[PDB]
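Undergrad: This is the structure I want to talk about, given as structure tokens.
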Amino acid sequence: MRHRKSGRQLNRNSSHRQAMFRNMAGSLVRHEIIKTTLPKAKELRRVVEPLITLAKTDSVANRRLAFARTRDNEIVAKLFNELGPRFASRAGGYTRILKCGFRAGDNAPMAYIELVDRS
Amino acid sequence: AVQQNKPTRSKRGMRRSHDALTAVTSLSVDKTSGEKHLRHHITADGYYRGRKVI
Amino acid sequence: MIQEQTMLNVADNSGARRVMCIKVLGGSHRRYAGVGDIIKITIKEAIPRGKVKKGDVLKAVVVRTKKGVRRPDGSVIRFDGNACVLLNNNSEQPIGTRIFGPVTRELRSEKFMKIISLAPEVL
RNA sequence: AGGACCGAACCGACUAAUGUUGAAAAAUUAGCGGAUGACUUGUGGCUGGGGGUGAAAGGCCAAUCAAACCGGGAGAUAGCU
RNA sequence: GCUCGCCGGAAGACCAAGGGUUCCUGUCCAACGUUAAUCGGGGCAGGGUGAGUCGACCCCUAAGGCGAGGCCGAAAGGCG
RNA sequence: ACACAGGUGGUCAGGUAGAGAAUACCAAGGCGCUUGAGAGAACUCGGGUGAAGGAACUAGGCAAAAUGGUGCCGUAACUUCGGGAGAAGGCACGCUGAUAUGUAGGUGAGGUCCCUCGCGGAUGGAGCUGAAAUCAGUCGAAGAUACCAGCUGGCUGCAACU
RNA sequence: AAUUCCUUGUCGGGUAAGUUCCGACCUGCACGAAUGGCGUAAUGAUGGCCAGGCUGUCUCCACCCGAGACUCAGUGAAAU
RNA sequence: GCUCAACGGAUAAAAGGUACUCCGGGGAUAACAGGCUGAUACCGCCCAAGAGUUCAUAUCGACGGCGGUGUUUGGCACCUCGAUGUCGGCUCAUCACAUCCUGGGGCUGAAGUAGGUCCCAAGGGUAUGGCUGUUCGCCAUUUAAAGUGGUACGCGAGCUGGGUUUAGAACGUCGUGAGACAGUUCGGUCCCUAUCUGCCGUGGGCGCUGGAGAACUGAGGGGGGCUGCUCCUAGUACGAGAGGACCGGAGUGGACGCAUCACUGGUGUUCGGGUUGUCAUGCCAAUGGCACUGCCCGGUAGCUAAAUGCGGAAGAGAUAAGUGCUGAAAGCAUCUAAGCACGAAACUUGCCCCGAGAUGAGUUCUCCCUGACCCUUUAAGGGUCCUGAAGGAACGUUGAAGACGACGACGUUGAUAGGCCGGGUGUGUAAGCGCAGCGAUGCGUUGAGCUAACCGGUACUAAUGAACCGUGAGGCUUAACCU
Ligand SMILES: [Mg+2]
Ligand SMILES: [Mg+2]
Ligand SMILES: [Mg+2]
Ligand SMILES: [Mg+2]
Ligand SMILES: [Mg+2]
Ligand SMILES: [Mg+2]
Ligand SMILES: [Mg+2]
Ligand SMILES: [Mg+2]
Ligand SMILES: [Mg+2]
Ligand SMILES: [Mg+2]
Ligand SMILES: [Mg+2]
Ligand SMILES: [Mg+2]
Ligand SMILES: [Mg+2]
Ligand SMILES: [Mg+2]
Ligand SMILES: [Mg+2]
Ligand SMILES: [Mg+2]
Ligand SMILES: [Mg+2]
Ligand SMILES: [Mg+2]
Ligand SMILES: [Mg+2]
Ligand SMILES: [Mg+2]
Ligand SMILES: [Mg+2]
Ligand SMILES: [Mg+2]
Ligand SMILES: [Mg+2]
Ligand SMILES: [Mg+2]
Ligand SMILES: [Mg+2]
Ligand SMILES: [Mg+2]
Ligand SMILES: [Mg+2]
Ligand SMILES: [Mg+2]
Ligand SMILES: [Mg+2]
Ligand SMILES: [Mg+2]
Ligand SMILES: [Mg+2]
Ligand SMILES: [Mg+2]
Ligand SMILES: [Mg+2]
Ligand SMILES: [Mg+2]
Ligand SMILES: [Mg+2]
Ligand SMILES: [Mg+2]
Ligand SMILES: [Mg+2]
Ligand SMILES: [Mg+2]
Ligand SMILES: [Mg+2]
Ligand SMILES: [Mg+2]
Ligand SMILES: [Mg+2]
Ligand SMILES: [Mg+2]
Ligand SMILES: [Mg+2]
Ligand SMILES: [Mg+2]
Ligand SMILES: [Mg+2]
Ligand SMILES: [Mg+2]
Ligand SMILES: [Mg+2]
Ligand SMILES: [Mg+2]
Ligand SMILES: [Mg+2]
Ligand SMILES: [Mg+2]
Ligand SMILES: [Mg+2]
Ligand SMILES: [Mg+2]
Ligand SMILES: [Mg+2]
Ligand SMILES: [Mg+2]
Ligand SMILES: [Mg+2]
Ligand SMILES: [Mg+2]
Ligand SMILES: [Mg+2]
Ligand SMILES: [Mg+2]
Ligand SMILES: [Mg+2]
Ligand SMILES: [Mg+2]
Ligand SMILES: [Mg+2]
Ligand SMILES: [Mg+2]
Ligand SMILES: [Mg+2]
Ligand SMILES: [Mg+2]
Ligand SMILES: [Mg+2]
Ligand SMILES: [Mg+2]
Ligand SMILES: [Mg+2]
Ligand SMILES: [Mg+2]
Ligand SMILES: [Mg+2]
Ligand SMILES: [Mg+2]
Ligand SMILES: [Mg+2]
Ligand SMILES: [Mg+2]
Ligand SMILES: [Mg+2]
Ligand SMILES: [Mg+2]
Ligand SMILES: [Mg+2]
Ligand SMILES: [Mg+2]
Ligand SMILES: [Mg+2]
Ligand SMILES: [Mg+2]
Ligand SMILES: [Mg+2]
Ligand SMILES: [Mg+2]
Ligand SMILES: [Mg+2]
Ligand SMILES: [Mg+2]
Ligand SMILES: [Mg+2]
Ligand SMILES: [Mg+2]
Ligand SMILES: [Mg+2]
Ligand SMILES: [Mg+2]
Ligand SMILES: [Mg+2]
Ligand SMILES: [Mg+2]
Ligand SMILES: [Mg+2]
Ligand SMILES: [Mg+2]
Ligand SMILES: [Mg+2]
Ligand SMILES: [Mg+2]
Ligand SMILES: [Mg+2]
Ligand SMILES: [Mg+2]
Ligand SMILES: [Mg+2]
Ligand SMILES: [Mg+2]
Ligand SMILES: [Mg+2]
Ligand SMILES: [Mg+2]
Ligand SMILES: [Mg+2]
Ligand SMILES: [Mg+2]
Ligand SMILES: [Mg+2]
Ligand SMILES: [Mg+2]
Ligand SMILES: [Mg+2]
Ligand SMILES: [Mg+2]
Ligand SMILES: [Mg+2]
Ligand SMILES: [Mg+2]
Ligand SMILES: [Mg+2]
Ligand SMILES: [Mg+2]
Ligand SMILES: [Mg+2]
Ligand SMILES: [Mg+2]
């Protein structure tokens with residue numbers, strides 16, 4: 001049984017459940033808000049925000065560690081230049097979920113995931 | 001896994017009794033744009049508790 | 001934790017060096033025997049000449065288990081070979097006269113005070 | 001040199017699990033046998049229902065076999081439901 | 001559009017078989033499509049198949065079919 | 001009869017390993033297979049791991065696990081002299097440096113000689129390519145590391161075998 | 001013995017134990033010489049038996065990752 | 001003239017095989033299982049020649065007699081042929097008692113020990129292997145015991161198909177043959193989503209007559225009960241010796257169950273590392289992808305058992321067989337007719353669990369509503385307005401609760417999850433730099449770096465102001481204190 005566990009299976013295997021969250025975390029830091037379903041955006045939370053808590057403290061080795069996390073030369077430079085210092089005071093929580101109803105062809109309960117900073 | 005009689009409309013309704021879909025109990029209202037959006041959900045406009053997101 | 005069909009090494013000088021358990025004794029539907037028990041064994045491979053030949057049927061006692069013994073303090077003692085000491089169906093005390101290897105402390109009692117004198121390391 | 005050996009194409013189909021109103025009215029996945037020979041294969045032509053063909057199981061001859069398929073005698077006959 | 005994945009002696013690139021507009025260009029979503037459907041190999045309409053040298057006929061045959069006369073069967077016909 | 005995990009003859013053949021059209025990842029090229037989003041029960045299909053024992057399971061080692069390549073030493077009764085035989089069992093294997101700043105070998109340009117002559121014949125060795133072995137030295141728990149890749153032996157019944 | 005009913009015939013190895021197996025006896029119900037006798041190197045997706053290696057076959061089943069089965073959305077059968 | 005002799009006489013004339021088979025029928029008619037007798041089978045009784053040193057009765061019982069059970073072998077052909085799958089294993093049982101163990105008593109040809117044999121007792125428990133297709137059987141080996149039976153010789157809409165059973169093949173034997181033979185080896189497709197009754201779980205509506213939040217009393221029900229051995233008494237009694245207890249006490253183990261994970265371990269494709277082959281991130285380094293997590297080594301929390309804690313009780317009541325006390329019938333003996341006492345794992349309790357849908361619908365301390373009216377339903381009736389509180393449902397964060405429901409915690413007064421800092425724990429000196437060297441590589445910063453759920457913390461993010469449902473003194477009769 002599932003007692004005291006963690007994680008979510010999300011009806012995909014585990015060569016899929018890192019290769020999807022790479023693209024989702026490669027789009028969220030790019031556009032700062034996206035529209036995706038609610039279990040895929042309640043648990044994209046702790047995949048994107050420790051990637052920013054790591055990027056708070058700039059080094060040389062973290063430019064390889066987050067390169068391992070993301071594999072995008074654009075996103076490592078933007079994550080360490082812009083989105084690093086802009087949240088350099090909070091104790092985490094760089095995300096916010098906003099429910100946006102349902103979806104057309106499948107009744108998929110969507111959500112809007114965002115950073116706190118757009119204004 | 002084969003039936004032996006044809007049952008009736010009475011038993012069909014007696015099974016179909018518990019299909020009682022209820023609607024939304026009540027909606028809820030904004031405070032800067034004023035529509036009846038769902039409870040804990042954004043508007044079609046893009047409002048949630050004062051903010052205009054997009 | 002010795003059940004049926006368990007192939008044991010022989011600790012002592014009594015000619016056998018590979019035996020096979022056939023029963024465990026002392027209670028119905030019994031599955032497991034550790035130290036201090038009296039299993040019943042055949043004898044599968046003796047030396048050229050010894051006190052007991054091939055095909056004898058005689059009792060024994062398990063003295064060294066790979067599952068290990070468990071102390072009061074939770075500490076375990078484990079070995080690296082399932083091995084036993086031969087015995088006698090009418091005396092319950094051994095055939096050979098020299099015991100190789102170490103045996104465990106949890107075997108000493110006045111049914112078995114003769115394998116704690118010969119053993120070079122009462123562990 | 002081989003009616004030789006281990007082995008992919010190619011041909012065949014030994015065992016077990018799936019499935020037996022399934023993806024298929026006989027297959028799929030992990031294993032198997034032969035694999036320069038009495039082999040395998042594309043094209044065309046030949047044989048014909050008491051007859052054809054058979055490295056022989058009454059096998060196979062248009063998803064049909066101890067006598068095929070279609071039309072006719074025929075609305076065959078039935079002490080049996 | 002750009003991240004990820006799968007085949008790469010195939011599920012890549014072509015022809016003889018067989019099918020016969022399924023090909024491209026506009027337009028439509030009622031049935032068809034195992035769902036939604038603006039998309040289509042679907043409905044409608046319009047265009048699209050250029051040979052002295054490449055494939056068929058063509059000169060010549062192999063198995064085998066027909067076969068003037070001819071021989072033999074009741075007619076059908078059977079061989080040649 | 002289905003926009004069917006079925007079947008159907010020919011032509012072309014890239015890289016890095018590799019004996020090779022096997023195999024593992026790929027480029028040229030193509031597709032994600034026309035329903036989905038969730039929760040993480042019994043049970044079932046397809047699979048990876050397992051303490052002690054190791055066929056006690058059962059009609060039966062059925063299934064599963066294991067072996068598995070190249071080189072060298074070695075190899076029994078029996079026999080139709082071929083076989084048995086890859087009998088059985090063992091030993092070394094990664095990278096680095098030297099022998100040799102890339103050797104034995106393969107290929108082969110200039111240079112020169114006659115010339116029965118042309119698309120020459122020889123001496124000639126530049127340059128390219130490149131095994132295999134021995135000796136030191138080094139990392140891991142493990143050097144055929146992944147994928148492919150024989151379980152072995154002992155007496156019989158039947159049938160020569162393919 | 002692939003043929004043997006009385007039968008698990010009788011003895012010996014193999015096993016702690018062996019209605020099957022291998023070796024002898026012959027009292028063969030009812031083998032037997034080209035519907036063939038006995039024998040035999042190699043070979044068989046062949047019948048029967050023991051041994052080493054190996055392990056969820058099992059004593060005794062525990063956990064793990066995936067495609068279903070349970071919930072919500074669209075299409076929507078069949079035996080009786 | 002016709003042994004038409006099958007003698008009312010079908011022809012002047014006639015034999016077999018089908019497991020390669022096909023059709024119409026048939027429960028008129030076989031096998032499987034029922035139902036009916038109960039001949040055989042089994043188990044209790046009656047007479048009692050004898051056996052047993054004496055002696056029918058401790059234990060056996062001749063020649064004979066009568067029933068029970070339905071249990072084998074059988075008899076009848078009723079249900080069943082427009083089909084109820086058959087033996088044995090595997091998995092789950094439940095009852096019967098003619099009781100294998102264990103519990104209590106009487107007899108003995110019973111000194112003790114161990115037994116013989118009937119009588120009461122069915123709560124509980126009941127072998128792992130070798131061999132054949134096998135229940136059995138034989139054999140090896142334990143235990144207190146390896147019970148006997150029905151349930152379609154339980155159970156194929158639950159599972160093997162080896163046995164007998166289809167098509168092929170052969171040997172013996174039979175027939176000239178086609179082919180047969182409880183004779184034999186060899187290979188031989190076991191289909192199905194549960195409509196209903198049933199059973200284990202989880203739930204919504206309504207009633208419990210004012211409505212809601214909880215805690216409970218328990219008539220009934222349901223799991224539970226086992227046993228070994230060693231030690232004390234005591235080497236006592238008994239016994240010539242040899243042997244060797246009753247009755248009570250103390251300890252430790254197996255089978256079966258209940259939990260939990262701290263210790264020992266198992267898994268731990270979400271956490272570290274090594275490693276091959278290949279392509280890319282321009283490249284060297286550095287990291288990632290794919291080949292069962294590519295192959296492995298380790299491993300947190302959780303889930304788990306082989307890991308360790310607990311249980312089976314003791315007591316009370318009336319009881320079955322049996323021993324009694326007092327004592328007439330029958331002046332005497334008499335457990336019995338009056339009465340009185342004992343008596344075992346069976347019985348009711350005692351241990352524990354779901355337990356007021358117990359309609360015989362409960363008990364029980366609490367918190368909320370103390371407005372106006374008109375209409376014919378003349379009062380338990382319909383409607384307009386301020387009233388909408390107790391409390392629950394719905395929505396969001398979710399959990400050592402979970403199929404979906406349901407149960408539980410939190411909802412800006414607040415830690416309910418995800419985040420974050422400090423720690424822990426797991427792996428094992430990260431990259432980068434300088435030295436050494438031909439280079440693989442080591443050494444220093446360095447037990448450094450990364451870290452899943454894990455224990456104590458932080459309002460940065462997410463849990464919205466409300467709205468929605470539930471109403472306004474509770475019906476009637478009869479009894480009792482009181483103004
Ligand atoms: Mg949690
Ligand atoms: Mg019926
Ligand atoms: Mg074939
Ligand atoms: Mg076959
Ligand atoms: Mg295959
Ligand atoms: Mg071959
Ligand atoms: Mg060959
Ligand atoms: Mg015909
Ligand atoms: Mg056919
Ligand atoms: Mg005919
Ligand atoms: Mg006619
Ligand atoms: Mg007719
Ligand atoms: Mg007629
Ligand atoms: Mg690929
Ligand atoms: Mg290939
Ligand atoms: Mg068209
Ligand atoms: Mg078009
Ligand atoms: Mg449509
Ligand atoms: Mg549409
Ligand atoms: Mg088109
Ligand atoms: Mg079209
Ligand atoms: Mg032209
Ligand atoms: Mg031409
Ligand atoms: Mg011709
Ligand atoms: Mg002609
Ligand atoms: Mg003519
Ligand atoms: Mg398709
Ligand atoms: Mg599809
Ligand atoms: Mg799905
Ligand atoms: Mg699961
Ligand atoms: Mg495994
Ligand atoms: Mg294991
Ligand atoms: Mg291990
Ligand atoms: Mg066995
Ligand atoms: Mg196998
Ligand atoms: Mg395997
Ligand atoms: Mg053969
Ligand atoms: Mg034989
Ligand atoms: Mg015979
Ligand atoms: Mg016989
Ligand atoms: Mg024997
Ligand atoms: Mg013999
Ligand atoms: Mg013969
Ligand atoms: Mg002859
Ligand atoms: Mg062959
Ligand atoms: Mg055996
Ligand atoms: Mg599927
Ligand atoms: Mg479904
Ligand atoms: Mg549905
Ligand atoms: Mg007559
Ligand atoms: Mg007559
Ligand atoms: Mg007559
Ligand atoms: Mg006549
Ligand atoms: Mg036959
Ligand atoms: Mg035949
Ligand atoms: Mg019929
Ligand atoms: Mg009928
Ligand atoms: Mg009848
Ligand atoms: Mg019968
Ligand atoms: Mg009958
Ligand atoms: Mg009967
Ligand atoms: Mg009767
Ligand atoms: Mg009686
Ligand atoms: Mg007497
Ligand atoms: Mg008697
Ligand atoms: Mg009946
Ligand atoms: Mg019927
Ligand atoms: Mg029948
Ligand atoms: Mg009785
Ligand atoms: Mg007695
Ligand atoms: Mg009982
Ligand atoms: Mg019982
Ligand atoms: Mg009781
Ligand atoms: Mg067994
Ligand atoms: Mg056997
Ligand atoms: Mg038995
Ligand atoms: Mg019966
Ligand atoms: Mg019966
Ligand atoms: Mg029975
Ligand atoms: Mg039965
Ligand atoms: Mg059944
Ligand atoms: Mg059965
Ligand atoms: Mg069979
Ligand atoms: Mg249903
Ligand atoms: Mg149901
Ligand atoms: Mg309820
Ligand atoms: Mg009770
Ligand atoms: Mg633990
Ligand atoms: Mg802990
Ligand atoms: Mg692991
Ligand atoms: Mg790589
Ligand atoms: Mg590199
Ligand atoms: Mg890739
Ligand atoms: Mg992968
Ligand atoms: Mg560990
Ligand atoms: Mg753990
Ligand atoms: Mg009493
Ligand atoms: Mg008296
Ligand atoms: Mg008296
Ligand atoms: Mg008791
Ligand atoms: Mg009691
Ligand atoms: Mg707090
Ligand atoms: Mg937090
Ligand atoms: Mg921390
Ligand atoms: Mg550490
Ligand atoms: Mg690292
Ligand atoms: Mg370093
Ligand atoms: Mg140091
Ligand atoms: Mg560290
Ligand atoms: Mg906490």
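Going by the structure tokens order, chains are called A, B, ..., each with residues numbered from 1, while ligands are numbered from 1 in the order shown.
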Please check which protein, DNA or RNA residues sit within 8 Å of ligand 14, counting only C-alpha atoms (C1' of nucleotides) and all ligand atoms, and write them as a PyMOL selection string.

TA: (chain E and resi 6-8) or (chain F and resi 25-26) or (chain H and resi 290)

Undergrad: Can you list, as a JSON list (two decimals) with N, CA, C and O atoms, in the first residue's frame, every residue of chain A that DSSP puts in strand (DSSP E or B)?

TA:
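Result file selection-v4.json:
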[["chain", "number", "residue", "atom", "x", "y", "z"],
["A", 33, "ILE", "N", 4.76, 32.05, -16.72],
["A", 33, "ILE", "CA", 3.41, 31.55, -16.46],
["A", 33, "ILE", "C", 3.01, 30.67, -17.64],
["A", 33, "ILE", "O", 3.19, 31.05, -18.80],
["A", 34, "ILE", "N", 2.49, 29.47, -17.36],
["A", 34, "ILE", "CA", 1.92, 28.61, -18.40],
["A", 34, "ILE", "C", 0.64, 27.95, -17.90],
["A", 34, "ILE", "O", 0.28, 28.03, -16.73],
["A", 35, "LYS", "N", -0.03, 27.28, -18.84],
["A", 35, "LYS", "CA", -1.35, 26.68, -18.65],
["A", 35, "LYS", "C", -1.23, 25.18, -18.83],
["A", 35, "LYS", "O", -1.04, 24.70, -19.96],
["A", 36, "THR", "N", -1.33, 24.43, -17.73],
["A", 36, "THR", "CA", -1.18, 22.98, -17.76],
["A", 36, "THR", "C", -2.00, 22.40, -16.62],
["A", 36, "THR", "O", -2.45, 23.12, -15.73],
["A", 37, "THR", "N", -2.21, 21.08, -16.66],
["A", 37, "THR", "CA", -3.22, 20.49, -15.77],
["A", 37, "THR", "C", -2.73, 20.44, -14.33],
["A", 37, "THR", "O", -1.55, 20.61, -14.03],
["A", 96, "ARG", "N", 2.88, 29.94, -8.02],
["A", 96, "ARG", "CA", 1.50, 30.19, -7.65],
["A", 96, "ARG", "C", 0.59, 29.51, -8.65],
["A", 96, "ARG", "O", 0.76, 29.69, -9.86],
["A", 97, "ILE", "N", -0.35, 28.71, -8.15],
["A", 97, "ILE", "CA", -1.32, 27.98, -8.96],
["A", 97, "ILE", "C", -2.67, 28.70, -8.92],
["A", 97, "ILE", "O", -3.14, 29.12, -7.85],
["A", 98, "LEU", "N", -3.29, 28.84, -10.09],
["A", 98, "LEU", "CA", -4.57, 29.51, -10.26],
["A", 98, "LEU", "C", -5.45, 28.61, -11.13],
["A", 98, "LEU", "O", -5.14, 28.41, -12.30],
["A", 110, "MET", "N", -7.58, 22.06, -15.77],
["A", 110, "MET", "CA", -6.32, 22.75, -16.01],
["A", 110, "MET", "C", -5.96, 23.63, -14.83],
["A", 110, "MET", "O", -6.63, 23.63, -13.79],
["A", 111, "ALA", "N", -4.88, 24.39, -14.98],
["A", 111, "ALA", "CA", -4.41, 25.35, -14.01],
["A", 111, "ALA", "C", -3.43, 26.29, -14.70],
["A", 111, "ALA", "O", -2.89, 25.98, -15.77],
["A", 112, "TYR", "N", -3.22, 27.44, -14.08],
["A", 112, "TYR", "CA", -2.24, 28.42, -14.49],
["A", 112, "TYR", "C", -1.15, 28.43, -13.43],
["A", 112, "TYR", "O", -1.42, 28.76, -12.27],
["A", 113, "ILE", "N", 0.05, 28.05, -13.80],
["A", 113, "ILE", "CA", 1.18, 28.11, -12.88],
["A", 113, "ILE", "C", 2.03, 29.31, -13.26],
["A", 113, "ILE", "O", 2.21, 29.61, -14.45],
["A", 114, "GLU", "N", 2.50, 30.04, -12.25],
["A", 114, "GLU", "CA", 3.19, 31.28, -12.51],
["A", 114, "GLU", "C", 4.26, 31.51, -11.46],
["A", 114, "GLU", "O", 4.23, 30.93, -10.38]]

Undergrad: Step by step, measure atom-to-atom distances between ligand 71 and each residue using only C-alpha atoms (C1' of nucleotides) and all ligand atoms, keep those at most 12 Å, then write them as a list in words.

TA: residues 94, 95, 96, 97, 99, 121, 122, 123, 124, 125, 225, 345 and 346 of chain H

Undergrad: Find the spatial neighbours of residue E:5, counting only C-alpha atoms (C1' of nucleotides), within a cut-off of 9 Å - ignore same-chain residues fewer than 3 positions away - and output them as an MDAnalysis selection string.

TA: (chainID A and resid 16 19) or (chainID F and resid 32)

Undergrad: Excluding same-chain residues fewer than 5 positions from residue C:56, what lies within 10 Å of it counting only C-alpha atoms (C1' of nucleotides), as a PDB file with C-alpha atoms (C1' of nucleotides), in the first residue's frame?

TA:
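So part-v7.pdb came out as:
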ATOM      1  CA  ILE C  41      20.982 -37.174   9.589  1.00  0.00           C
ATOM      2  CA  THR C  42      22.278 -39.661   7.087  1.00  0.00           C
ATOM      3  CA  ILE C  43      25.975 -39.689   6.172  1.00  0.00           C
ATOM      4  CA  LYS C  44      26.916 -39.044   2.561  1.00  0.00           C
TER       5      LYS C  44
ATOM      6  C1'   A G  16      17.394 -43.585   4.898  1.00  0.00           C
TER       7        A G  16
END

Undergrad: Compute the set of protein, DNA and RNA residues whose minimum atom distance to ligand 107 is at most 9 Å, using only C-alpha atoms (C1' of nucleotides) and all ligand atoms, and state it as an MDAnalysis selection string.

TA: chainID H and resid 429:432

Undergrad: Around ligand 13, which protein and nucleic acid residues have at least one atom no more than 9 Å from it, if we count only C-alpha atoms (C1' of nucleotides) and all ligand atoms? List them as an MDAnalysis selection string.

TA: chainID D and resid 75:78

Undergrad: Using only C-alpha atoms (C1' of nucleotides) and all ligand atoms, which residues have at least one atom no more than 10 Å from ligand 101? Output them as an MDAnalysis selection string.

TA: chainID H and resid 225 313:316 344:345 349:350

Undergrad: Grab me every residue within 12 Å of ligand 47, counting only C-alpha atoms (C1' of nucleotides) and all ligand atoms, and send it over as an MDAnalysis selection string.

TA: (chainID D and resid 23) or (chainID F and resid 5 45:46) or (chainID G and resid 67:69)

Undergrad: For a quick test of understanding: name the residues of chain A lying within 6 Å of chain H when counting only C-alpha atoms (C1' of nucleotides), and present them as a list in words.

TA: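 Taking only C-alpha atoms (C1' of nucleotides) into account, residues 4, 5, 6, 61, 68, 90, 91, 92, 93, 95 and 96 of chain A sit within 6 Å of chain H.
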
Undergrad: Please report the interatomic distance between atom 1 (Mg, counted along the ligand's line) of ligand 104 and atom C1' of residue H:451 in Å with one decimal.

TA: 9.1 Å

Undergrad: Just give me the gap between atom CA of residue C:101 and atom CA of residue C:117 in Å, one decimal is fine.

TA: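 One can read the atom CA of residue C:101 to atom CA of residue C:117 distance as 12.7 Å.
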
Undergrad: Could you give me, as a list in words, every polymer residue with an atom at most 10 Å away from an atom of ligand 45, counting only C-alpha atoms (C1' of nucleotides) and all ligand atoms?

TA: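 Counting only what the definition allows, namely only C-alpha atoms (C1' of nucleotides) and all ligand atoms, the set is residues 33 and 34 of chain D; 161 and 162 of chain F; 43, 44, 45 and 46 of chain G.
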
Undergrad: Output as a list in words the set of chain B residues within 8 Å of chain H, with distances taken over only C-alpha atoms (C1' of nucleotides).

TA: residues 1, 2, 3, 4, 5, 7, 18, 25, 26, 27, 28, 39, 40 and 49 of chain B

Undergrad: Taking only C-alpha atoms (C1' of nucleotides) and all ligand atoms into account, list the residues no farther than 8 Å from ligand 74, as a ChimeraX atom specification.

TA: /F:56-58 /H:129

Undergrad: Apply DSSP to the backbone of this structure and, from chain B, keep only the residues in alpha helix (DSSP H); write these as a VMD selection string.

TA: chain B and resid 9 to 16

Undergrad: Would you export the selected residues with N, CA and C atoms as a PDB file, in the first residue's frame, please?

TA:
ATOM      1  N   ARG B   9     -38.671  -2.680 -15.659  1.00  0.00           N
ATOM      2  CA  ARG B   9     -38.450  -1.252 -15.481  1.00  0.00           C
ATOM      3  C   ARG B   9     -38.375  -0.858 -14.014  1.00  0.00           C
ATOM      4  N   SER B  10     -39.081  -1.578 -13.137  1.00  0.00           N
ATOM      5  CA  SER B  10     -39.022  -1.297 -11.707  1.00  0.00           C
ATOM      6  C   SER B  10     -37.621  -1.521 -11.160  1.00  0.00           C
ATOM      7  N   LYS B  11     -37.013  -2.659 -11.494  1.00  0.00           N
ATOM      8  CA  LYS B  11     -35.651  -2.906 -11.043  1.00  0.00           C
ATOM      9  C   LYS B  11     -34.659  -1.993 -11.746  1.00  0.00           C
ATOM     10  N   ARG B  12     -34.933  -1.635 -13.004  1.00  0.00           N
ATOM     11  CA  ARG B  12     -34.052  -0.721 -13.723  1.00  0.00           C
ATOM     12  C   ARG B  12     -34.031   0.654 -13.078  1.00  0.00           C
ATOM     13  N   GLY B  13     -35.192   1.152 -12.676  1.00  0.00           N
ATOM     14  CA  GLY B  13     -35.224   2.412 -11.965  1.00  0.00           C
ATOM     15  C   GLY B  13     -34.674   2.296 -10.563  1.00  0.00           C
ATOM     16  N   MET B  14     -34.861   1.140  -9.929  1.00  0.00           N
ATOM     17  CA  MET B  14     -34.353   0.958  -8.579  1.00  0.00           C
ATOM     18  C   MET B  14     -32.830   0.960  -8.557  1.00  0.00           C
ATOM     19  N   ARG B  15     -32.202   0.476  -9.627  1.00  0.00           N
ATOM     20  CA  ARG B  15     -30.764   0.665  -9.771  1.00  0.00           C
ATOM     21  C   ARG B  15     -30.442   2.106 -10.154  1.00  0.00           C
ATOM     22  N   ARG B  16     -31.223   2.702 -11.062  1.00  0.00           N
ATOM     23  CA  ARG B  16     -30.938   4.051 -11.547  1.00  0.00           C
ATOM     24  C   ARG B  16     -31.262   5.141 -10.540  1.00  0.00           C
TER      25      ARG B  16
END

Undergrad: Find the residues near ligand 76. Use a cut-off of 12 Å, count only C-alpha atoms (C1' of nucleotides) and all ligand atoms, and write them as an MDAnalysis selection string.

TA: chainID H and resid 89 127:132 134:139 146

Undergrad: Dump as a PyMOL selection string the residues of chain G that approach chain A to within 10 Å, counting only C-alpha atoms (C1' of nucleotides).

TA: chain G and resi 65-66+72-74

Undergrad: Mind listing the residues within 8 Å of ligand 8, only C-alpha atoms (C1' of nucleotides) and all ligand atoms counted, as a list in words?

TA: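 Listed by chain and ascending number, the contacts are residues 49, 50, 51 and 67 of chain D.
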
Undergrad: Go ahead and write the residues just picked, C-alpha atoms (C1' of nucleotides), as a PDB file, in the first residue's frame.

TA:
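Dumped everything to selection_2.pdb:
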ATOM      1  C1'   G D  49     -15.294 -36.712 -58.599  1.00  0.00           C
ATOM      2  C1'   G D  50     -15.532 -43.398 -57.918  1.00  0.00           C
ATOM      3  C1'   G D  51     -11.675 -39.628 -60.870  1.00  0.00           C
ATOM      4  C1'   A D  67     -16.433 -39.230 -51.954  1.00  0.00           C
TER       5        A D  67
END

Undergrad: Using only C-alpha atoms (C1' of nucleotides) and all ligand atoms, which residues have at least one atom no more than 9 Å from ligand 79? Output them as a PyMOL selection string.

TA: chain H and resi 135+149-151+153-154
